[PDB]
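So the structure is just underneath, and the comments pick up after that.
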There are 4 protein chains.
Amino acid sequence: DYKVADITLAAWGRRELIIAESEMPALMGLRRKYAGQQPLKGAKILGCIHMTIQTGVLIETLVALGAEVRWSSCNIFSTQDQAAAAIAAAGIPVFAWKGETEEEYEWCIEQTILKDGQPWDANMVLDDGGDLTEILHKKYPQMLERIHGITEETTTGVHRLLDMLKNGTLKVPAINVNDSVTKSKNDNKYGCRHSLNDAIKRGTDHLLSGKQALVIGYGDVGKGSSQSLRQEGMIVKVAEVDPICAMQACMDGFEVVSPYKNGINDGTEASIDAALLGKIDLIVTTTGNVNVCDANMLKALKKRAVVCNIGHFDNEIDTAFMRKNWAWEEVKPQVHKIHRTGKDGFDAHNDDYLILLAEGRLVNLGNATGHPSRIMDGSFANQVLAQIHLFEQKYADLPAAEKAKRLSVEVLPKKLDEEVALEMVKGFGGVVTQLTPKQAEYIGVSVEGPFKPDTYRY
Amino acid sequence: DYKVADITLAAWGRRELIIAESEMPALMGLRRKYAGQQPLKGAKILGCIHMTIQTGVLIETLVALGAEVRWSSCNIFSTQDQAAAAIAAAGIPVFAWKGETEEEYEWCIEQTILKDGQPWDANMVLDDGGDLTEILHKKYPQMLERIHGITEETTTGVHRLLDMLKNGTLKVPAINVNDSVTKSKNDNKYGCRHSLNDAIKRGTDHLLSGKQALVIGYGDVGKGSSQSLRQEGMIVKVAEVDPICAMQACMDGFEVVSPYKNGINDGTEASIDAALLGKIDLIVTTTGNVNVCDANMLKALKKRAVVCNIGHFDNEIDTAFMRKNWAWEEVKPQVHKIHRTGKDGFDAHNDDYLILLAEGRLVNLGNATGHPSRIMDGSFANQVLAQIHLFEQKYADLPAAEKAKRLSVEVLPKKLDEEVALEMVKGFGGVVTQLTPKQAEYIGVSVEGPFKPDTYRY
Amino acid sequence: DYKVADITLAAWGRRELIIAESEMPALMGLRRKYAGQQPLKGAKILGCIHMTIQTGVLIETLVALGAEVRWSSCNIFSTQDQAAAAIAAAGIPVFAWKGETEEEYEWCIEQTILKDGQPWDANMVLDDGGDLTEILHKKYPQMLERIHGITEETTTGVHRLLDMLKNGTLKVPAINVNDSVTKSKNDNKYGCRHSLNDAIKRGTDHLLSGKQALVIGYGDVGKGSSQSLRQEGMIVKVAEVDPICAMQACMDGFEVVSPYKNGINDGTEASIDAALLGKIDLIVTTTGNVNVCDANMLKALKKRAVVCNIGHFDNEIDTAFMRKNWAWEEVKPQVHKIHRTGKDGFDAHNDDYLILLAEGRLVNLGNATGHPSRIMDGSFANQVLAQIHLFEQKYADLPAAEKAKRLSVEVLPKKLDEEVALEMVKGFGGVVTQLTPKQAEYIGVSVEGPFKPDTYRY
Amino acid sequence: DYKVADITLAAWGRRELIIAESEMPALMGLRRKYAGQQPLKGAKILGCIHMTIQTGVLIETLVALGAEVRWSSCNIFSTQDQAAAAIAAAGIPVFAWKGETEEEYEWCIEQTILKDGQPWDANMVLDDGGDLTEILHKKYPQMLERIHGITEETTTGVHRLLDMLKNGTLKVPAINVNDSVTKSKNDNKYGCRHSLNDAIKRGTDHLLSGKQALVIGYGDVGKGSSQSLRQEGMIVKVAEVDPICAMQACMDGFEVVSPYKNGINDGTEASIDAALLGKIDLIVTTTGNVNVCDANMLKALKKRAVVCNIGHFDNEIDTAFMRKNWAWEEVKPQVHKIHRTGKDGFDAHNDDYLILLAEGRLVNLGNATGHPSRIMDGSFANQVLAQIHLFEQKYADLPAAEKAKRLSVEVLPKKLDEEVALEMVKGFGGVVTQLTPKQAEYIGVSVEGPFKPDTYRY
Ligand SMILES: NC(=O)c1ccc[n+]([C@@H]2O[C@H](COP(=O)([O-])OP(=O)(O)OC[C@H]3O[C@@H](n4cnc5c(N)ncnc54)[C@H](O)[C@@H]3O)[C@@H](O)[C@H]2O)c1
Ligand SMILES: NC(=O)c1ccc[n+]([C@@H]2O[C@H](COP(=O)([O-])OP(=O)(O)OC[C@H]3O[C@@H](n4cnc5c(N)ncnc54)[C@H](O)[C@@H]3O)[C@@H](O)[C@H]2O)c1
Ligand SMILES: NC(=O)c1ccc[n+]([C@@H]2O[C@H](COP(=O)([O-])OP(=O)(O)OC[C@H]3O[C@@H](n4cnc5c(N)ncnc54)[C@H](O)[C@@H]3O)[C@@H](O)[C@H]2O)c1
Ligand SMILES: NC(=O)c1ccc[n+]([C@@H]2O[C@H](COP(=O)([O-])OP(=O)(O)OC[C@H]3O[C@@H](n4cnc5c(N)ncnc54)[C@H](O)[C@@H]3O)[C@@H](O)[C@H]2O)c1
């Protein structure tokens, strides 16, 4: 049987299955590359990362390559059902219709870890945020001895997985994809460069040419954000603590400034440099820190400025002081108006106010549609390709004197990375050259790769 | 001890070093930050890196931090005739000759090691040719009782150092200054970008907007060259063997093409796509391979095409065939003109000819000054920090029991690297903010300590 | 009695006015500067422009200067009920009905000029499309003996006015804005630059980095269209019929290619450059001519191409051929996909389909919100300033000696266009330098301008 | 006869003529099609256009198209050494003085019209400097009745030609070519974009990325200049006095500021805005005015500033203030140090100085080569067609009554300029589409005639 949200939905976004796969070539490419050859024939995966319209392509690719899966929703949104119902009518069992709240979602996890009540025959494990990893070790240690390997897609998981192997209660070698080059550059730098200036201009519907903006942090996301703003003709400034990133911002062609006098923050009203902040129309935070937009910073700001964030946490901007002492008003289904005069009793004609695109939540999710289909494709192919290396080694069948030697968390090998890069290049229409045997011996490389060392910095 | 190429040219060199000083922030940022406490007093330094308009600042900085030195040059032809006399004008000695002979090359290299007639108690040696770090062991293995470390800037000598570490004949620890980010970003990416189209236009004065050019390789130099071409209004094509670099090119808004039909290189003219090459205005090679531009590429080019090379290797373009078959002719004291009519007896104004810029060697050989003072600062800065770290950790004065743990090659720690950029960012007029105690403990790094892990690629 | 259909929507309608007026510094500056003098005291005005939001702001603007207006719509589709009811509650009846049978179009035009039972005083006429201007010359000519002036903003209206002046049936002087500088530059070049890449992403969500597009037409609209796609990361090509404009395309960085063999079209399929059309992804048409994208262009396109028109009407792309051979399918009320397989049905999994955006009609204002408020600001400021200057001369009471002498159709004085520009720059926060009395005569112009000749090309 | 310093320079001059010959598609495609038919058969042309190696092909095609030509240099310094001999070897008399004095070329003017003392019976003047036109009526009023066509180059000549027409002193038709389309956007817009960064880098060798510059004026030269700095990673501000071009600058991504508070210049130190002049380090003056950069902003400028000029005279920047209190020093042939300390106290270790490149004169022609050959191809091909069009009208053969109305001063017709553009494009490899007869009437034109109205701004 099967239960996700309902049955009849087949035409809302289900047609995007054809559209997205045509816009995401790497998954459609490697499927033709491995036909007849079935590298994953007999693998049992459960699988849970982020259910979307552009996520079922992973399930289709694993099904084509011979894997066996049973999908359950992860978090935040259980049913992005735009094409979830098509899975069940095809034959794949999918369970997501639950008692819909965020305090019970373990009941969504409980149904993917097992089939009938006995723990499943899992040999590789597919989960994003580790929401599945502790369940095996803390609750159901029985099946766990048969697992060849596991993989995950965030720092929130690998952090414990490294600690949870340090104590020795991890019994399974793990593979981390977050260090793959085609994932780091795609998901972080490029995903924002398309989504950000779109998301800003959908809610405000304002003109961005000729205005001045501030960007907090110049990490991996800061580069893409600054590129997206500069390509529209804005005047962009950058705030940073890392000297290397400040160097790379100066070289790239940006001005770096400090939101505080001399970069020293002490909480006093005499420390915030009002002159610079009194002429800024936009501030965006990228840092993965806490309380980066101080309250005293936020009250010396220029009239009618715009507040935004693309970071991770809800306390990048001091919203605790924001949801108090000042009034709130909704103008559109996703943007808000806040008055600086006082707690309550604002006038319609008043001049003093600000605007908040997503309060403290990420703008590209509340005001946009996440990431485009092509950019995020450079990571789901790593998802389907990491299982290849794990399923070929049969870790659960090795002798004890051999298992103890090769139990470790590892990074994806660079040959699979080159293969996925080539397959996603061939979708654009490019042609890759090849080296004659005389040239290879001169450079010291094989013909089928890899071409670069592990210490290389792409 | 004033045995210099010419003694009367100091002032001009000094005056030109003044502007470099104005354009290299870190060399005096350190000289002002660490002044007074004298961290490098008592050290003995002998080095041979080419004496030019920018290495004098390094030499002056090391002698300014309190040490005493005697100097020589690796390459005699790399000696600058002006600034060499500036060293001769003071008590600091030098052996910067221009004898034009390789017989005296080994005499000048040898003269560094000895005091005058017995070898010097060198605490360290810094090298760029790799000849010094070998002559300590081939010919004079008795000073090593007084050495503390070695420094190397070049590649192909670090390979020798690694092989020698496995050989076991070394007695000295080694610092790999090459792998610094401030070293990598400046020389590879930034340096080529500023000087490539500059040199092209200096050499040929050709209008570049509207042309179509093909770039071989998309490495660091390839990235520095593609943007420098495209910013001028040129349509750029890119070729590559590595799928990752080709993908990076595709996401930047380029086209990936192959000189061969389906990318397979057979050598015969029937395996060559002459359709593409009949409308290409420029061919530049950025790689470090061998025979990249094969003899049958340049036989089927369009008339009046431009060929040049920007990689270090001297045989990436087949000039042997051009010497074998076709005539040569000089248009300017640096540029040459090649006729395809035959070996000799070229016509006065025949239309079938090519143009070659610098005999297929480095475009920086005689057309441009190479890099400005502000870009090579990423290399000169780390050299003094390596010795600041090395001098205090006294390997020689350490007891023999504990010395066995210090034989290795060290990549410069990230903490020292961050100090270098803070001087360069501060020289541009920017400001770097600080961390409150709440924020530092929140992410896991101290207020003053390093910020990024070692797996993080910038 | 005012008649705006849902008359109880005024309270909801007035909401968006308070936030829109802050994004047009020009009209607010006109209200702030010319208050107290009451420039338009006693000047009754008839009007026809459509009403969405900002024309209501203009209505609020000129009535603040002492004027009186009656009003109706022009475009039939631009009948946002919310802005009209706001002004109706603000104090003057409005007649913002839709076309219906086009009699209520005339009836609302009728009531704009006709009271309960008689025509009555009227001085200014502010039309959009020349619909009322015909009615004054025809129908009711006895009222023209008191009519004071006419203002129009379309290029099809200036041609009719000049043709009318040739015949001599014109009776009252007229002023036209479309040939002005700020109006044309903000409407044509800018705006489409801002709006095109916004409209493409809203309807398709596709990635734009590293992709190929073809643009036909390189006029004023097409020049702004091309830059919108370039900054997003496409490789675009320009097709042009006029030798002068194609010269700028090559000098801008775009290769100029023709869709036909040697550019000669003769009605045969063997006359097209087939090697080019089987490689394009995006087509944008920016002409005003019939059959610029002929039936052979589409029949040789690459599969999965997206087409857009920002030109004139459904004659540039041969939709007539497309609606007797090819079937249509709906996706969402922005886009369609059109199958080249045939007419009698289709299968959803085919690859030979074509993507259509805002079928056969303008896209930048069809699948988007059009130009933002800051760009429409300059266009609306010209007409309200025209009614000012066209009032002092007092045409209606001039004697016959001068009444027939001043009958002319003319573009705005250049000084008025510079007054509009000053308020726009002060909106962004810029500062304009002043000329000292020893520095303005060198150019030959007074301190207050205008500083440019009538034949200058900006 | 010949005033060349040495006649032995022609041998390599012809070869350099050949190598520069391939860079001008227009001057060769005009002959390449007009050959066979003789449009200038018997046309005795007298010319004084600036002779250079690129104009060698101009002279050669003009004499190969049927005309006979005598030459001179109406500017003392506008001469390239090789071309004079390289074209005198063919038998064409050239009187260009390499002695470079005033009265010597003044003598050469009066012998440029004398065959042997009997004036040359020429029918036309291809004038460049206008002094010939002055002495036509001033020195020998006898040839006013002989010649029947004049074409001139500089706007300082039309400033006399088109207003002295008021009395009909020269009853001869003349055509002005400066306002032509293919010249209005070749010499000024794209030339500066190509040449400005090369000019600054050849003299300074600085690293442009990361610096802060200020460009004053936003004309065509200003529009071209700004992009050449933005593309080099520079952050720059734009100031102006004309509101409309400032409005354009706001849309191009530049911030508008003023060196004086509120924009009012009152001639005292209390008005200079010290906030921004303490951080800018490069000045480019792109406007033709006096005291655009007066003394106060020079006294308040930062130490590391570089002063550049792209105007015409030495009045845009106050050079007189420099010489009477500040001493000058040279380090590069056209780079100077402006020591702000004063006359005496000349210390070398100073940080208080400025960098002035071309003494305040036009920097581009003082520090770099100048315009490329392809850019100059469009600027020179117009004179040929102007002379030809004045030949095909034959003013001297018309009856005297009809000669009264044929007298007029009119700009070049549009069709000739369109043909120039067509010839220029095909040198880039572009292909232009032809109009079919049905679409020709829809716009309302013929299939080869002019397509744009006479007042259309491109
Ligand atoms: N919205 C999305 O689609 C999306 C996608 C992926 C990741 N993210 C999130 O975006 C966030 C951005 O992280 P990243 O990848 O840029 O990290 P990063 O490692 O690349 O660097 C973060 C930057 O913040 C800077 N920073 C930290 N504290 C600072 C402070 N107090 N002041 C100034 N600068 C400070 C660091 O120096 C660094 O430059 C992450 O938390 C990630 O989870 C969002
Ligand atoms: N001229 C300069 O200023 C300068 C500066 C630094 C380095 N270099 C030299 O340039 C060379 C490469 O530059 P780099 O430092 O960026 O190294 P790199 O290894 O990153 O560049 C070589 C690139 O070419 C690619 N490549 C290899 N073989 C190829 C082939 N047959 N066809 C096409 N592409 C091919 C490689 O995959 C790589 O992307 C080295 O020899 C280096 O020493 C020159
Ligand atoms: N959507 C909007 O926001 C908007 C705004 C203004 C104007 N327009 C429309 O744009 C058009 C006016 O454009 P413009 O103001 O740039 O005027 P324009 O005359 O400069 O544009 C026409 C251009 O297309 C070229 N062209 C004409 N026929 C061609 C052909 N067969 N092949 C190739 N090129 C051809 C012309 O040479 C010219 O360069 C009109 O159709 C008008 O309705 C749309
Ligand atoms: N070097 C070259 O290649 C070249 C080419 C063309 C012309 N020129 C010469 O140099 C000058 C540049 O011509 P252009 O095409 O730039 O002319 P332009 O008239 O098109 O532009 C000059 C601009 O400067 C503005 N301006 C005037 N006074 C100003 C002031 N005090 N401060 C700021 N802005 C001010 C004007 O409003 C105008 O917009 C010409 O006068 C000509 O003699 C040089």
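To be explicit about the labels: the chains of the structure tokens are called A, B, and onward in the order shown, and within each one the residues are counted from 1, while ligands get numbers from 1 in the order they are shown.
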Write down, as a list in words, each residue of chain B that has any atom within 9 Å of an atom of chain C, counting only C-alpha atoms.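 Residues satisfying the distance criterion: residues 209, 210, 211, 230, 232, 233, 234, 235, 249, 250, 251, 252, 253, 254 and 255 of chain B.
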Can you list, as a ChimeraX atom specification, every protein, DNA or RNA residue that comes within 9 Å of residue 187 of chain D when you count only C-alpha atoms, leaving out same-chain residues fewer than 2 positions away? /D:183-185,189-192,221,371,375-376,378-379
DSSP on the backbone: which residues in segment 268-437 of chain B end up as alpha helix (DSSP H)? Give the answer as a PyMOL selection string. chain B and resi 274-277+320-325+377-392+400-403+414-427+437
Take the residues just selected and output them with N, CA and C atoms as a compact mmCIF listing (two decimals), in the first residue's frame.
# COMPACT_ATOMS: atom_id res chain seq x y z
N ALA B 274 39.23 21.28 -39.79
CA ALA B 274 39.72 22.53 -40.37
C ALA B 274 38.65 23.60 -40.43
N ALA B 275 37.38 23.23 -40.29
CA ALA B 275 36.30 24.22 -40.32
C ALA B 275 36.42 25.21 -39.17
N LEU B 276 36.71 24.71 -37.97
CA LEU B 276 36.86 25.60 -36.82
C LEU B 276 38.11 26.46 -36.94
N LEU B 277 39.21 25.87 -37.41
CA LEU B 277 40.48 26.57 -37.43
C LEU B 277 40.59 27.59 -38.55
N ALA B 320 59.70 23.07 -34.29
CA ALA B 320 60.63 22.25 -35.06
C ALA B 320 60.20 22.15 -36.51
N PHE B 321 58.90 21.93 -36.75
CA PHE B 321 58.40 21.88 -38.12
C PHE B 321 58.58 23.23 -38.81
N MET B 322 58.36 24.32 -38.08
CA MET B 322 58.48 25.65 -38.67
C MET B 322 59.93 25.96 -39.05
N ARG B 323 60.89 25.52 -38.22
CA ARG B 323 62.29 25.58 -38.62
C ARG B 323 62.57 24.68 -39.82
N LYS B 324 61.90 23.52 -39.87
CA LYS B 324 62.19 22.53 -40.90
C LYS B 324 61.73 22.99 -42.28
N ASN B 325 60.57 23.64 -42.36
CA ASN B 325 59.91 23.83 -43.64
C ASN B 325 59.77 25.28 -44.07
N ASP B 377 53.73 40.46 -3.98
CA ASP B 377 53.81 40.60 -2.53
C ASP B 377 53.35 39.35 -1.81
N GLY B 378 52.45 38.57 -2.42
CA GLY B 378 52.00 37.33 -1.80
C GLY B 378 53.09 36.30 -1.65
N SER B 379 54.19 36.45 -2.37
CA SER B 379 55.33 35.55 -2.26
C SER B 379 56.43 36.09 -1.35
N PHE B 380 56.75 37.37 -1.47
CA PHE B 380 57.84 37.94 -0.68
C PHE B 380 57.52 37.95 0.80
N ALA B 381 56.24 38.10 1.16
CA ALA B 381 55.87 38.20 2.57
C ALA B 381 56.13 36.90 3.32
N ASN B 382 55.65 35.78 2.78
CA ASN B 382 55.76 34.51 3.50
C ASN B 382 57.21 34.09 3.73
N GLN B 383 58.15 34.59 2.92
CA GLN B 383 59.54 34.18 3.07
C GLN B 383 60.10 34.60 4.43
N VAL B 384 59.79 35.81 4.88
CA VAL B 384 60.31 36.25 6.17
C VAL B 384 59.56 35.59 7.32
N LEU B 385 58.25 35.34 7.17
CA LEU B 385 57.52 34.63 8.22
C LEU B 385 58.04 33.22 8.41
N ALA B 386 58.39 32.54 7.32
CA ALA B 386 58.93 31.19 7.43
C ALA B 386 60.17 31.16 8.31
N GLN B 387 61.02 32.18 8.19
CA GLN B 387 62.22 32.24 9.01
C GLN B 387 61.94 32.75 10.42
N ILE B 388 60.91 33.58 10.58
CA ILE B 388 60.50 33.99 11.92
C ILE B 388 60.05 32.78 12.73
N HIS B 389 59.22 31.93 12.12
CA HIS B 389 58.82 30.69 12.77
C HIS B 389 60.00 29.75 12.95
N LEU B 390 60.86 29.65 11.94
CA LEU B 390 61.93 28.66 11.95
C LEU B 390 63.01 29.00 12.96
N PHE B 391 63.35 30.28 13.11
CA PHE B 391 64.49 30.66 13.93
C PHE B 391 64.27 30.32 15.40
N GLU B 392 63.07 30.58 15.92
CA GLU B 392 62.81 30.35 17.34
C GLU B 392 62.81 28.86 17.67
N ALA B 400 69.85 15.78 20.84
CA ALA B 400 69.75 14.77 19.79
C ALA B 400 68.56 13.84 19.99
N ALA B 401 68.14 13.63 21.25
CA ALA B 401 67.01 12.75 21.51
C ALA B 401 65.73 13.30 20.89
N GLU B 402 65.49 14.60 21.02
CA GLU B 402 64.27 15.21 20.52
C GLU B 402 64.38 15.65 19.06
N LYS B 403 65.58 15.68 18.49
CA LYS B 403 65.72 16.13 17.10
C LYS B 403 65.09 15.16 16.11
N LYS B 414 48.54 27.95 8.80
CA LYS B 414 47.55 28.92 8.36
C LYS B 414 47.56 30.18 9.22
N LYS B 415 47.99 30.08 10.47
CA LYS B 415 48.01 31.25 11.34
C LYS B 415 48.95 32.32 10.81
N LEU B 416 50.13 31.92 10.33
CA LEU B 416 51.06 32.89 9.76
C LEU B 416 50.51 33.48 8.46
N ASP B 417 49.83 32.65 7.66
CA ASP B 417 49.30 33.12 6.38
C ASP B 417 48.28 34.23 6.58
N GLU B 418 47.43 34.11 7.60
CA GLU B 418 46.42 35.13 7.86
C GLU B 418 47.04 36.47 8.21
N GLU B 419 48.19 36.46 8.87
CA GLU B 419 48.87 37.71 9.20
C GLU B 419 49.30 38.46 7.94
N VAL B 420 49.62 37.74 6.87
CA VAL B 420 50.11 38.38 5.65
C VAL B 420 49.00 39.17 4.97
N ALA B 421 47.80 38.59 4.88
CA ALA B 421 46.70 39.27 4.19
C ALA B 421 46.20 40.48 4.96
N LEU B 422 46.20 40.41 6.29
CA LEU B 422 45.76 41.56 7.08
C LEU B 422 46.61 42.79 6.78
N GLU B 423 47.89 42.59 6.46
CA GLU B 423 48.72 43.72 6.05
C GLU B 423 48.34 44.21 4.66
N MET B 424 48.00 43.29 3.75
CA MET B 424 47.64 43.70 2.40
C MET B 424 46.26 44.34 2.35
N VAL B 425 45.30 43.81 3.12
CA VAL B 425 43.99 44.43 3.18
C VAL B 425 44.08 45.82 3.81
N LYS B 426 44.84 45.94 4.90
CA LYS B 426 45.00 47.22 5.58
C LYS B 426 45.71 48.25 4.71
N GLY B 427 46.52 47.81 3.74
CA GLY B 427 47.17 48.76 2.85
C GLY B 427 46.23 49.35 1.82
N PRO B 437 33.43 38.00 22.59
CA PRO B 437 33.58 36.68 23.21
C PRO B 437 32.41 35.74 22.94
Find the residues of chain C that sit at most 9 Å from ligand 4; for each, write down the nearest two atoms and how far apart they are in Å, to one decimal. Count only C-alpha atoms and all ligand atoms. Sort by chain, then by number going up, and give it as a tab-separated table.
residue	atom	partner	partner_atom_place_in_ligand_line	distance
C:432	CA	ligand 4	33 (C)	8.9
C:433	CA	ligand 4	32 (N)	6.9
C:434	CA	ligand 4	31 (N)	7.9
C:435	CA	ligand 4	31 (N)	6.7
C:439	CA	ligand 4	31 (N)	7.4
C:440	CA	ligand 4	28 (N)	8.0
C:443	CA	ligand 4	27 (C)	7.8
C:451	CA	ligand 4	37 (O)	6.6
C:452	CA	ligand 4	37 (O)	7.5
C:456	CA	ligand 4	20 (O)	8.3
C:457	CA	ligand 4	20 (O)	8.5
C:458	CA	ligand 4	20 (O)	7.6
Would you save the residues of that selection, restricted to C-alpha atoms, as a PDB file, in the first residue's frame?
ATOM      1  CA  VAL C 432      25.058  68.000  -9.639  1.00  0.00           C
ATOM      2  CA  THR C 433      27.834  70.560 -10.031  1.00  0.00           C
ATOM      3  CA  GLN C 434      27.122  74.230 -10.775  1.00  0.00           C
ATOM      4  CA  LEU C 435      28.904  76.361 -13.368  1.00  0.00           C
ATOM      5  CA  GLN C 439      33.091  78.692 -16.827  1.00  0.00           C
ATOM      6  CA  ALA C 440      29.692  78.600 -18.582  1.00  0.00           C
ATOM      7  CA  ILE C 443      30.692  76.369 -23.577  1.00  0.00           C
ATOM      8  CA  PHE C 451      23.892  72.896 -22.203  1.00  0.00           C
ATOM      9  CA  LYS C 452      23.496  70.743 -25.318  1.00  0.00           C
ATOM     10  CA  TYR C 456      23.315  66.363 -30.064  1.00  0.00           C
ATOM     11  CA  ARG C 457      23.151  62.571 -29.864  1.00  0.00           C
ATOM     12  CA  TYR C 458      23.368  61.556 -26.211  1.00  0.00           C
TER      13      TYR C 458
END
Please write out the residues within 6 Å of ligand 3 as JSON, numbers by chain, counting only C-alpha atoms and all ligand atoms. {"C": [188, 216, 217, 218, 219, 220, 221, 222, 239, 240, 241, 242, 245, 286, 287, 288, 289, 292, 310, 311, 312, 362, 364]}
Limited to C-alpha atoms, could you put the picked residues into a file as a JSON list (two decimals), in the first residue's frame?
[["chain", "number", "residue", "atom", "x", "y", "z"],
["C", 188, "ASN", "CA", 13.36, 51.79, -24.38],
["C", 216, "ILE", "CA", 16.97, 39.59, -34.08],
["C", 217, "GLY", "CA", 16.98, 43.38, -34.24],
["C", 218, "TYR", "CA", 19.49, 45.76, -32.67],
["C", 219, "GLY", "CA", 17.56, 49.01, -32.30],
["C", 220, "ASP", "CA", 16.99, 50.82, -29.03],
["C", 221, "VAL", "CA", 14.86, 48.07, -27.47],
["C", 222, "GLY", "CA", 17.07, 45.26, -28.75],
["C", 239, "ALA", "CA", 20.94, 39.43, -36.56],
["C", 240, "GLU", "CA", 20.42, 42.79, -38.25],
["C", 241, "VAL", "CA", 19.36, 44.19, -41.62],
["C", 242, "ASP", "CA", 20.77, 47.73, -41.29],
["C", 245, "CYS", "CA", 23.45, 49.14, -36.39],
["C", 286, "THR", "CA", 12.94, 43.19, -31.08],
["C", 287, "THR", "CA", 11.79, 44.43, -34.50],
["C", 288, "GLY", "CA", 8.54, 45.98, -35.69],
["C", 289, "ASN", "CA", 8.36, 44.20, -39.04],
["C", 292, "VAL", "CA", 11.43, 38.50, -39.29],
["C", 310, "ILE", "CA", 9.13, 42.31, -27.09],
["C", 311, "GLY", "CA", 8.39, 43.99, -30.41],
["C", 312, "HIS", "CA", 5.09, 45.10, -31.92],
["C", 362, "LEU", "CA", 4.70, 41.42, -25.59],
["C", 364, "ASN", "CA", 8.27, 42.00, -20.52]]
Give me, as a compact mmCIF listing (two decimals) with N, CA and C atoms, in the first residue's frame, all polymer residues having an atom no more than 9 Å from residue 206 of chain A, counting only C-alpha atoms and skipping those fewer than 4 positions away in the same chain.
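Contents of out.txt, as written:
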# COMPACT_ATOMS: atom_id res chain seq x y z
N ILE A 200 15.01 38.92 -4.34
CA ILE A 200 14.88 40.29 -3.86
C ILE A 200 13.87 41.07 -4.70
N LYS A 201 13.92 40.90 -6.02
CA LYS A 201 13.09 41.69 -6.92
C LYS A 201 11.68 41.15 -7.08
N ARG A 202 11.37 39.97 -6.54
CA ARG A 202 10.00 39.47 -6.62
C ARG A 202 9.10 40.07 -5.55
N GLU C 23 8.73 56.10 -4.14
CA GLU C 23 9.68 55.61 -5.14
C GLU C 23 9.72 56.47 -6.39
N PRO C 372 9.46 49.11 -13.40
CA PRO C 372 9.19 49.52 -12.02
C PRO C 372 8.80 50.99 -11.96
N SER C 373 8.41 51.42 -10.75
CA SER C 373 7.90 52.78 -10.58
C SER C 373 8.96 53.83 -10.89
N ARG C 374 10.21 53.56 -10.53
CA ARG C 374 11.25 54.57 -10.71
C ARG C 374 11.50 54.88 -12.18
For residue 68 of chain D, list every protein, DNA or RNA residue within 6 Å, evaluated using only C-alpha atoms, and leave out those in the same chain fewer than 3 positions away; present the list as a PyMOL selection string. chain D and resi 44-45+63
For C-alpha atoms, I'd like the residues from the last selection saved as a CSV table (one decimal), in the first residue's frame.
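selection00.csv was written with the following content:
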chain,number,residue,atom,x,y,z
D,44,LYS,CA,42.9,66.5,-59.8
D,45,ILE,CA,42.7,66.4,-56.0
D,63,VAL,CA,45.6,57.7,-56.9
Would you return as a ChimeraX atom specification the members of segment 179-287 of chain B that DSSP assigns to strand (DSSP E or B) on this structure's backbone? /B:212-216,235-239,255-256,260,272,282-285
